[PDB]
Amino acid sequence: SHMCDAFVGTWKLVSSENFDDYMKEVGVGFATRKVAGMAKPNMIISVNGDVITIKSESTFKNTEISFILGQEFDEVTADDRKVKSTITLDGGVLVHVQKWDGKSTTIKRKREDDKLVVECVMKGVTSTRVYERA
Ligand SMILES: COc1cccc2onc(N)c12
Ligand SMILES: NC(=O)c1ccccc1
């Protein structure tokens, strides 16, 4: 077993709050905000050795990242930013920091009851996205 065990599986989006405002703060343009905001992604998390893979699949886009904790990687986000990302585990929370163009945003993923709660923060704006097992 490893502690990241509790994240592994297939998850479906069940609620979202403030995501349009988060996207505005990140710099996402109108059309992508509307279509991305409509999406109901599944999140598929797996682990093989030290490598964690997170896939996010929707009618809008299918994305995939694989990474080792603490080891930076380059990521093309669903909104087409080219970012430098680092993901760590802090007290049981996956903490994903994206850097680009002198800006930064942080996405936290945590298990709470039977949910996987995703908190996205850009400056003072937070969006909370709740997933449940598929
Ligand atoms: C991280 O992936 C997403 C985050 C937010 C909305 C999304 O729509 N399609 C996606 N793959 C997606
Ligand atoms: N999984 C999500 O819904 C998500 C939203 C925004 C940024 C990263 C992930």
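Refer to the structure presented above.
Residues numbered from 1 in each chain as written, not as in the entry; some residues may be left out. Chains lettered and ligands numbered in written order. Heavy atoms only, no water.

Caption draft 1: Fine view of the site of ligand 1. The environment of ligand 1 is made up of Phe19, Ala36, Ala39, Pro41, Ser56, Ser58, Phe60, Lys61 and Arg129. A distance of 3.3 Å separates a nitrogen atom of ligand 1 from a polar backbone atom of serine 56. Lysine 61 is positioned with one of its backbone polar atoms (N or O) 3.0 Å from a nitrogen atom of ligand 1. Within the complex, the protein chains bury 81% of what would otherwise be the 310 Å² of accessible surface of ligand 1. Taken together, the residues that form the shell around ligand 1 break down as five nonpolar, two polar and two charged. (Near = heavy atom within 4 Å. Polar contact = N/O pair within 3.5 Å; in protein donor to acceptor, adjacent residues only side chain to side chain. Areas by Shrake-Rupley, 256 points an atom, 1.4 Å probe, with all protein chains shown as cover. Nonpolar A, V, L, I, M, F, W, Y, C, P; charged D, E, K, R; others polar.)

Caption draft 2: Expanded view of unusual backbone geometry. Even without being a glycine, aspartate 101 presents a positive backbone phi close to 50 degrees. Tracing the backbone through its elements, the reader meets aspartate 101 in the loop between β7 (93-100) and β8 (103-112). A positive phi angle is found at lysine 123, which is not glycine, with a value near 50 degrees. The residue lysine 123 is located in the loop between β9 (115-122) and β10 (125-133) in this model. With a relative accessible area of 64%, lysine 123 lands in the exposed category. (Helix = DSSP H or I, 4+ residues; strand = E, 2+ residues; numbered from the N terminus. Buried < 20%, exposed > 50% of the residue type's maximum accessible area, 1.4 Å probe, protein only.)

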